[PDB]
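Undergrad:
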Amino acid sequence: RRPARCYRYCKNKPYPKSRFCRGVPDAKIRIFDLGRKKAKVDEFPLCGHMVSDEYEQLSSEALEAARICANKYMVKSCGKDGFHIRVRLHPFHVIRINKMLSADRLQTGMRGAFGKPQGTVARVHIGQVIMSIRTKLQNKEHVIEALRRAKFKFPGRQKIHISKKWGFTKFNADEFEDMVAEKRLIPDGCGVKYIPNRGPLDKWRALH
Amino acid sequence: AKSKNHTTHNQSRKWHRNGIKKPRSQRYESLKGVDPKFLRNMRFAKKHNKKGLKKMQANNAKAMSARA
Amino acid sequence: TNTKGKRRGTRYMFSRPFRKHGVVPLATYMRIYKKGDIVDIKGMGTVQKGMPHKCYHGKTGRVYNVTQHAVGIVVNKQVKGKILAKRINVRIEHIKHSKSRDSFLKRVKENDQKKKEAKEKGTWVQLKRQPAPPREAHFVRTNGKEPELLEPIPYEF
Amino acid sequence: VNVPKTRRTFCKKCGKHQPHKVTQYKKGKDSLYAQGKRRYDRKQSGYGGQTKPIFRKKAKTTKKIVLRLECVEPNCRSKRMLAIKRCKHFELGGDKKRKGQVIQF
RNA sequence: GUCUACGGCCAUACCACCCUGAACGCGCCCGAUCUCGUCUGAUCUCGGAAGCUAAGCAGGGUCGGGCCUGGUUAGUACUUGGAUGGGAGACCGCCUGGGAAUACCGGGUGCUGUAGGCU
RNA sequence: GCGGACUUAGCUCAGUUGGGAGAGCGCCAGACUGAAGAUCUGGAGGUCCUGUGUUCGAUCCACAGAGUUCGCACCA
RNA sequence: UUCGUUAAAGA
RNA sequence: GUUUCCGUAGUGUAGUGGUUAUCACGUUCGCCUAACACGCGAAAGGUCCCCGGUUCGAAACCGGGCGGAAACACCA
RNA sequence: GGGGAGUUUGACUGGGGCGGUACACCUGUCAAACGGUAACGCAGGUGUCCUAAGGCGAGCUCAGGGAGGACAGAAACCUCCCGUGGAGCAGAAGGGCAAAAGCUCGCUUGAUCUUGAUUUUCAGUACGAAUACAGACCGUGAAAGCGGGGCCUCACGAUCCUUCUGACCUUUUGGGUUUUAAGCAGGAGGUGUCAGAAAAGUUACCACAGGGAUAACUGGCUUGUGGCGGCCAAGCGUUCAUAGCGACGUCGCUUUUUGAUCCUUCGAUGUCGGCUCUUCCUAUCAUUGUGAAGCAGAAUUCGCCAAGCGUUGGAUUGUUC
RNA sequence: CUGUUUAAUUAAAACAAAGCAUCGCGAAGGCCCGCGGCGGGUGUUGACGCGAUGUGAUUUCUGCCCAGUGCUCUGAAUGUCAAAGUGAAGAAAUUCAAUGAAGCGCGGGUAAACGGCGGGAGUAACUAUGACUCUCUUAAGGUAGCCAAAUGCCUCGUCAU
RNA sequence: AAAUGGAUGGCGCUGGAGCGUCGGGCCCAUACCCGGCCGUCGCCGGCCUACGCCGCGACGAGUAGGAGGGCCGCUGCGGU
RNA sequence: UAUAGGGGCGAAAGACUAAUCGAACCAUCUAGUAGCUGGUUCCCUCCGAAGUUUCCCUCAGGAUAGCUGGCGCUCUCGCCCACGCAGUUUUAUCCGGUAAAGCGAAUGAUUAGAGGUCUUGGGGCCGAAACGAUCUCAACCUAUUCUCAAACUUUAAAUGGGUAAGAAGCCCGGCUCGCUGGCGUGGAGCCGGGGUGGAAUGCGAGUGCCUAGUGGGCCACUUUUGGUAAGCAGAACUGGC
Ligand SMILES: [Mg+2]
Ligand SMILES: [Mg+2]
Ligand SMILES: [Mg+2]
Ligand SMILES: [Mg+2]
Ligand SMILES: [Mg+2]
Ligand SMILES: [Mg+2]
Ligand SMILES: [Mg+2]
Ligand SMILES: [Mg+2]
Ligand SMILES: [Mg+2]
Ligand SMILES: [Mg+2]
Ligand SMILES: [Mg+2]
Ligand SMILES: [Mg+2]
Ligand SMILES: [Mg+2]
Ligand SMILES: [Mg+2]
Ligand SMILES: [Mg+2]
Ligand SMILES: [Mg+2]
Ligand SMILES: [Mg+2]
Ligand SMILES: [Mg+2]
Ligand SMILES: [Mg+2]
Ligand SMILES: [Mg+2]
Ligand SMILES: [Mg+2]
Ligand SMILES: [Mg+2]
Ligand SMILES: [Mg+2]
Ligand SMILES: [Mg+2]
Ligand SMILES: [Mg+2]
Ligand SMILES: [Mg+2]
Ligand SMILES: [Mg+2]
Ligand SMILES: [Mg+2]
Ligand SMILES: [Mg+2]
Ligand SMILES: [Mg+2]
Ligand SMILES: [Mg+2]
Ligand SMILES: [Mg+2]
Ligand SMILES: [Mg+2]
Ligand SMILES: [Mg+2]
Ligand SMILES: [Mg+2]
Ligand SMILES: [Mg+2]
Ligand SMILES: [Mg+2]
Ligand SMILES: [Mg+2]
Ligand SMILES: [Mg+2]
Ligand SMILES: [Mg+2]
Ligand SMILES: [Mg+2]
Ligand SMILES: [Mg+2]
Ligand SMILES: [Mg+2]
Ligand SMILES: [Mg+2]
Ligand SMILES: [Mg+2]
Ligand SMILES: [Mg+2]
Ligand SMILES: [Mg+2]
Ligand SMILES: [Mg+2]
Ligand SMILES: [Mg+2]
Ligand SMILES: [Mg+2]
Ligand SMILES: [Mg+2]
Ligand SMILES: [Mg+2]
Ligand SMILES: [Mg+2]
Ligand SMILES: [Mg+2]
Ligand SMILES: [Mg+2]
Ligand SMILES: [Mg+2]
Ligand SMILES: [Mg+2]
Ligand SMILES: [Mg+2]
Ligand SMILES: [Mg+2]
Ligand SMILES: [Mg+2]
Ligand SMILES: [Mg+2]
Ligand SMILES: [Zn+2]
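Residue numbers (the numbering used here), protein chains in the order written: chain A, 1 to 208; chain B, 209 to 276; chain C, 277 to 433; chain D, 434 to 538.
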């Protein structure tokens, strides 16, 4: 386990786990949702998300420790099934290690220069969302404090933003309450199906 | 004793030291490299032009000079 | 050290683009390739019998020889020393015409028509292609409405 | 590989396609009293040791099979050579195969 | 206003389902003695013409799927050239120029050449 | 490249001035003995390395080839 | 021709 | 660390010239014996290291890991 | 027949050797949308296979899925429908291909002879490979046409010498015949270090010309590793996060270790340890002055100003340790 | 053991040594010198001698393997094997065929000749240890002795002094 | 927090000689303009050493290297 | 007195053999050869580089190409308008598949929830058992949704590459052909005639011979490969040492 000071801002092309890598071990994170996974859309109105500022690489172990800290503060503040946290970020870039000393100069110079896979990190663009927590209206400050506790644990500088959208959907919270009732949006689990008007008439007849 | 392998640095400047040249001068293009059946057309056409062009072209030139 | 074989960089270049695979169209064949025709080179993936080379894709040359079911084109290729006129034999499926010479012949026909009109009526024509001139002292109009005032917007994430 | 016994190929004597007996080319015994052989014997006779070099580091394992084609027609006797590419095993003239054969391993 | 034979552009012309088809034409169909090739006149060939538009086919329709085109995305992401610009870096801002795409929305869905026949 | 030798039952071997395959050890089943071994009897097991040619018939004749081995010679 | 072992006691 | 090789019933192995679960020891049942050793006849016992790709078909051909066995790691 | 003689010990290489071939040729990426463009870069190959897997013509459509049908099951055979390439085309990939370049069937060797041109690597040399022609003899098809190997990208080889083939060829030396020998044209025998020498090791007894183009000390860049701090706090501390600690993560400092590079030094900077001796730093072991404890006293622990002064005698090991 | 040696960095555990062995040789010979001669050294010598080797007083022993590499013995019964000689064809050069001297092979001996000497598994009333047994295996499987040695990486092995 | 004592160049600087935005002046290089002179090159004038004499214009750095001129020099030979 | 140089002699250290011994000394071949060090002698003027392609037992070297100099030759302006050229732009005309973007689009990964019911598999429940029937998990499908791809891609930039912008070009009339062929059909060649004012800016061009040096490079903005990073190693454009 090498420090995160030597694996930082992007200096290589993305090298994913594929047909040509074949040697990367398992990532640290395996799951990506921690809260009420079966939460409906009208249950938790708002969401606060965590916006990066530096074009950096976040490691999977950092994502692990941050989601554990955020989950722990959420279950100590609003308890189980009072929140829904989703790590938006998924690690795919495989960093490499060129290890030596396997106190001698008589084993290997820079002869075999290409390295073996060490672990998985995640290339993060400027403005790309790290995490997103949807909660009730009364849990506004708790999401702020949870992502603030994750802020001290991610490297680099990043900000927090309470979204204008209604949860994880791409539609506005101002338009949601006035527009899901009349015509368009129908809830489908935790996601929302948006229907256009360019359908067959059997869909409109199945509605109403 | 490792040396520098290959580069193309300081090459286009040496190219443009002397003004990169189009061949730029081919009037009556070179005839080799063309279909030998077409050559059996054209060479026999040329030598029978050398043989039998005289009187008809001469009278035609006289006619167009008289009408012009 | 790149192992410079034939077509070692042609994963995308000699490929039929999208929704255009299958048999070759016959209007590619049914064309008039005389001598002196300034024609382009664009390689094909269906017919493998007449690929020019990966270096001559997209270039433009002059026809010198025509055969049964191919054509011969002289192409200026640039090498390390200087550009060279090279004599290639390319099949008909890889070749289309170039419309720049056709536009120049259209301009020549229009210039001959304007010169005939000039000799007829004594009218000066200005048959030289002058480039895009500077804008003349034209006169704008702002009737009916005041000009709309634009201001920059505040920053919102 | 497999080549047949007979083959109808252009022979240069009569200038028509005629059938040819196809046989394997033996290299042939090297004859004495040739030019380079007498020169090498003259150069070898004396206290000089091995004068011309001798080949050591062989790397190819196959030889190009060349075929002697003889004209089958009488009083022509046109014999010539046709080379094939490099092959390891070479069947002479028999045992053609089919597609409906059982594997029967 | 159409079809047949050969086509050019290769989905504005493909796929799913439902209606319409007067007259030539296309077809389904009607049988193996010769030409014919099969386990099978199912396919391909041979002389038909009793019915039929049920099907192909030709039109139209689907708040149809796809395809093409136009807005939006967006003067955004990118980007030629420049600075003794900012920042520890990460990168970002400015001058001069060029400028894309998915979502979202709107419109169309065949055009024709040659030869021939129907109203 | 030259000359010469050996390929047989599961194992070791025999078998021409060619009419064709056996011995021993193996396996199975009987008998003998109070039981084993030896013994006696009866079974099973060969593509005789492969292809071709002569002969009516080839393990044995010849040719070519496939594995093993013995010396010998080496102008690219 | 070969064929191994069977304690403590119990009259 | 590098280069070769191996992984198969509880144990040591054979087996690819792709398309089996093979031998030997051990366990259980029954026999011979007065009863044990010895002997006999069966039976069970296999993830062919784990996970993937090739094909009609893989343990076999190949790859990534896992755990081992040999050889080298020298001059300053 | 090393008793003696002569000669050789490939090249690349983050020093040499071992390891490997990046030494000949291919595929995709690096490669920055013409092309070219490096490393012992990445992932994978090749020294073969094929008388058909060549050439032509004709017929048919594949992989997979759904529904049925005696034994029949997950896979045995038949039929119907969906089936744009999800199969196959000899092999490593890329491209390309559907009345097809795929599968089956029928005939055939064009995988034949010969002179030029052009493309590829490129110096616009060669080999290899390829393309369009041309002249004979042919295959297929009804004809159109297609075919002078493999659907394309690789699958291979100079001089000299040997061997074979051809003309009813030339010279065999003063002239004839005949054997032989030489030549002309094109196939083979091969240079894998693949534009091609015929080649084992050791030298600590070594020598010469050189190199800091090139290692072994220090010094220089970096800090992977070592050492030493900080940040957020899930928990330890009977209670209680922060008296003392602190995981999961994360930001740094130093050159007291080791590693990486080769910048200077090869017409030499004398290369370990110890003895003696001077000076400096603080990341403080004690002493001076203080803050905090789970500080009752004592004894400890954690911090601050602080390097002024001290920081031992010995048994072992050449020791650093 | 006394002795000897890297004069000008070593004085030794190095060399020599008596003892123990082995091999060649009966002189037209063994081992050697020489460009040459039946020329020379051993030789004015004759197996208790000469020449060439390993080990190194005395005591006690000299384990087992001829698979390999050498050395040596033996046979035209027998493969291969060069000139010269023989036979045939031809006008001849030339070609072909048989026979074959040493050597190699075929058979034996030789380790005080060079040399070499195993890894697994299960098994005795607590446990370990395992006389014992089974399997693959070589030519033989390290025997008598000895030891972390001047010979042991782990290792500053474990116990005692 | 780092080893000899030491580095915004030092001295010093706080109503600035620090920081950020700027304004007006000021200082200079072999850079630019004008002018004098040398040389090279280009174009040219004249029937005044023609190998000399003027005329106009533009430019002059440079290792390896390549040319041209030398009324630079040393030694000897024939003329002078 | 005897042993004299690849010889002698050695109780063996390769020790001694006239201060020299892992092969003595003197002379000759011999001024041995060296791709390897060091050096290379007057002035001024003018021009003035390369560390790169390919090949070699090639890697400290050489050959070839490139960069450079010298010597010229063929021409042209010099009295409404000549030809030609360009590290440049415009006008058109084609070419690409990188940045970007996308995967509710193919290939490959990957997250979570919902709806549906053919399916076999784990549970209890209606109960002699029953695809007679019920719930849930399993898996599948549908419509969504999260995150990517140097060896993925529908779309697709900026930058860039080729071509044309005339008198060597247009148009008309005719002869030849053994090529081709319904055709005086097509296509090439040849002959004669008529009209040059045909984008912007700049520039006087073309061509022949001989040859030195070079063949160890480095740095910087930007685009980038390996490495944690390096004043590290390796590439591209331009500039500089
Ligand atoms: Mg170089
Ligand atoms: Mg001679
Ligand atoms: Mg001789
Ligand atoms: Mg019939
Ligand atoms: Mg019939
Ligand atoms: Mg019918
Ligand atoms: Mg119909
Ligand atoms: Mg109908
Ligand atoms: Mg329609
Ligand atoms: Mg639609
Ligand atoms: Mg910029
Ligand atoms: Mg008893
Ligand atoms: Mg020698
Ligand atoms: Mg080397
Ligand atoms: Mg490119
Ligand atoms: Mg480019
Ligand atoms: Mg169908
Ligand atoms: Mg492929
Ligand atoms: Mg494909
Ligand atoms: Mg077909
Ligand atoms: Mg032909
Ligand atoms: Mg030597
Ligand atoms: Mg020593
Ligand atoms: Mg010595
Ligand atoms: Mg560390
Ligand atoms: Mg260096
Ligand atoms: Mg160094
Ligand atoms: Mg360097
Ligand atoms: Mg010095
Ligand atoms: Mg000193
Ligand atoms: Mg000194
Ligand atoms: Mg002090
Ligand atoms: Mg001494
Ligand atoms: Mg004697
Ligand atoms: Mg003794
Ligand atoms: Mg012994
Ligand atoms: Mg003889
Ligand atoms: Mg015997
Ligand atoms: Mg023997
Ligand atoms: Mg036990
Ligand atoms: Mg022992
Ligand atoms: Mg200061
Ligand atoms: Mg200021
Ligand atoms: Mg100068
Ligand atoms: Mg000598
Ligand atoms: Mg001396
Ligand atoms: Mg010496
Ligand atoms: Mg000597
Ligand atoms: Mg000299
Ligand atoms: Mg200059
Ligand atoms: Mg070479
Ligand atoms: Mg070199
Ligand atoms: Mg040098
Ligand atoms: Mg040169
Ligand atoms: Mg010049
Ligand atoms: Mg590309
Ligand atoms: Mg991208
Ligand atoms: Mg020179
Ligand atoms: Mg050099
Ligand atoms: Mg560099
Ligand atoms: Mg400069
Ligand atoms: Zn013939």
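Backbone N, C-alpha and C fix where the C-beta goes; we use that ideal spot for every residue, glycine too.
Assess contact between the segment 70-77 of chain A and the segment 105-119 of chain A, defined as three or more Cβ pairs (one per stretch) separated by less than 8 Å. Is contact present?
TA: A contact between stretches requires three or more CB pairs, one per stretch, nearer than 8 Å, and the segment 70-77 of chain A fails this requirement with the segment 105-119 of chain A.
Undergrad: Leaving out five residues before and five after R441 of chain D in sequence, what residues of the same chain have Cβ atoms less than 8 Å from its Cβ?
TA: In the fourth sequence, the residue the question calls residue 441 of chain D occupies position 8. Counting only Cβ-Cβ distances below 8 Å, and skipping sequence neighbours, we find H450, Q451, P452 and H453.
Undergrad: Assuming the contact rule is C-beta atoms closer than 8 Å, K40 of chain A and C190 of chain A should be a hit. Round their C-beta distance to whole Å, please.
TA: Numbered from its first residue, the first sequence carries residue 40 of chain A at position 40. Numbered from its first residue, the first sequence carries residue 190 of chain A at position 190. Correct: roughly 7 Å between the Cβ atoms.
Undergrad: If you follow the beta strand (DSSP E) that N268 of chain B is in, where does it begin and where does it stop?
TA: Numbered from its first residue, the second sequence carries residue 268 of chain B at position 60. That residue, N268 of chain B, is in no beta strand (DSSP E); its alpha helix (DSSP H) goes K262 to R275.
Undergrad: Express the C-alpha separation of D33 of chain A and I195 of chain A in angstroms, rounding to a whole number.
TA: For the purposes of this step, residue 195 of chain A is taken as residue 195 along the first sequence, with counting starting at 1. For the purposes of this step, residue 33 of chain A is taken as residue 33 along the first sequence, with counting starting at 1. Whole-angstrom Cα-Cα distance: 27 Å.
Undergrad: Taking the alpha-carbon of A303 of chain C as reference, which of C:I349, C:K280, C:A361 and C:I371 has the nearest alpha-carbon?
TA: Mapped onto the third sequence, residue 303 of chain C falls at position 27. When only C-alpha atoms are compared, the closest one is C:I371.
Undergrad: If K358 of chain C sits next to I228 of chain B, beta carbons under 8 Å apart, how far is it from one beta carbon to the other, in whole angstroms?
TA: Position 82 of the third sequence holds residue 358 of chain C. Position 20 of the second sequence holds residue 228 of chain B. About 5 Å; that satisfies the 8 Å criterion.
Undergrad: Using a beta-carbon distance below 7 Å, is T279 of chain C in contact with chain B?
TA: Here residue 279 of chain C is taken as the residue at index 3 of the third sequence, counted from 1. No, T279 of chain C lies away from the interface with chain B (no Cβ there is under 7 Å from its Cβ).
Undergrad: Do you know offhand how far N365 of chain C's Cα is from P293 of chain C's?
TA: On the third sequence, position 89 is the one that residue 365 of chain C refers to. On the third sequence, position 17 is the one that residue 293 of chain C refers to. Take the alpha-carbon of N365 of chain C and the one of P293 of chain C: they are about 24 Å apart.
Undergrad: Measuring CB to CB, does residue 257 of chain A end up less than 7 Å from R123 of chain A?
TA: One cannot answer for residue 257 of chain A here, as it falls past the ends of chain A, which runs 1 to 208.
Undergrad: Could you tell me which of A:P45, A:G112, A:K17 and A:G23 sits nearest to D174 of chain A, measuring between CA atoms?
TA: Looking up residue 174 of chain A in the first sequence gives position 174. For the residues A:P45, A:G112, A:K17 and A:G23, the minimum Cα distance to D174 of chain A belongs to A:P45.
Undergrad: Could you tell me if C6 of chain A is buried or exposed, where buried requires 16 or more neighbouring beta carbons within 10 angstroms of its beta carbon?
TA: Locating residue 6 of chain A in the first sequence gives position 6, counting from the first residue. Its Cβ having fewer than 16 others within 10 Å, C6 of chain A is exposed.
Undergrad: In chain order, what residues of the same chain lie with their CB nearer than 8 Å to the CB of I97 of chain A, ignoring the 5 residues before and after it?
TA: Translated into the one-based positions of the first sequence, residue 97 of chain A becomes position 97. If we look at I97 of chain A and ignore the five residues flanking it on each side, its Cβ neighbours are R2, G115, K116, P117 and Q118.
Undergrad: Could you compute how far the alpha carbon of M327 of chain C sits from the alpha carbon of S238 of chain B?
TA: Residue numbering aside, residue 327 of chain C sits at position 51 when the third sequence is read from its first letter. Residue numbering aside, residue 238 of chain B sits at position 30 when the second sequence is read from its first letter. Going from the Cα of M327 of chain C to the Cα of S238 of chain B covers about 25 Å.
Undergrad: Is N341 of chain C close to chain B? Criterion is C-beta to C-beta, closer than 7 Å.
TA: Along the third sequence, read from residue 1 onward, the residue named residue 341 of chain C stands at position 65. Yes - at least one Cβ of chain B is within 7 Å of the one on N341 of chain C.
Undergrad: Looking at the secondary structure, which residues open and close the beta strand (DSSP E) in which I95 of chain A lies?
TA: To locate residue 95 of chain A, count along the first sequence from 1; it is residue 95. Run containing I95 of chain A: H93 to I97, per the beta strand (DSSP E) assignment.
Undergrad: Determine the direct distance from the alpha carbon of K470 of chain D to that of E369 of chain C, and round the result to whole angstroms.
TA: Taking the third sequence and counting its residues from 1, the one referred to as residue 369 of chain C is at position 93. Taking the fourth sequence and counting its residues from 1, the one referred to as residue 470 of chain D is at position 37. Near 58 Å, if we compare the C-alpha coordinates of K470 of chain D and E369 of chain C.
Undergrad: Pick out whichever of C:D388, C:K404 and C:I308 has its Cα sitting closest to the Cα of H345 of chain C.
TA: Here residue 345 of chain C corresponds to residue number 69 of the third sequence, with the count starting at 1. Of C:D388, C:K404 and C:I308, the residue nearest in Cα terms is C:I308.
Undergrad: Tell me whether the segment 387-399 of chain C and the segment 478-485 of chain D touch, counting them as touching only if at least three CB pairs, one residue from each stretch, are closer than 8 Å.
TA: no
Undergrad: Nearest chain C C-beta to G241 of chain B closer than 7 Å, yes or no?
TA: As a first step, residue 241 of chain B must be located in the second sequence, where it is residue number 33. Output row for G241 of chain B: interface = yes.
Undergrad: How long is the line joining the alpha carbons of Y55 of chain A and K282 of chain C, rounded to whole angstroms?
TA: Indexing the first sequence from 1 puts residue 55 of chain A at position 55. Indexing the third sequence from 1 puts residue 282 of chain C at position 6. When rounded, the distance between both Cα atoms is 41 Å.
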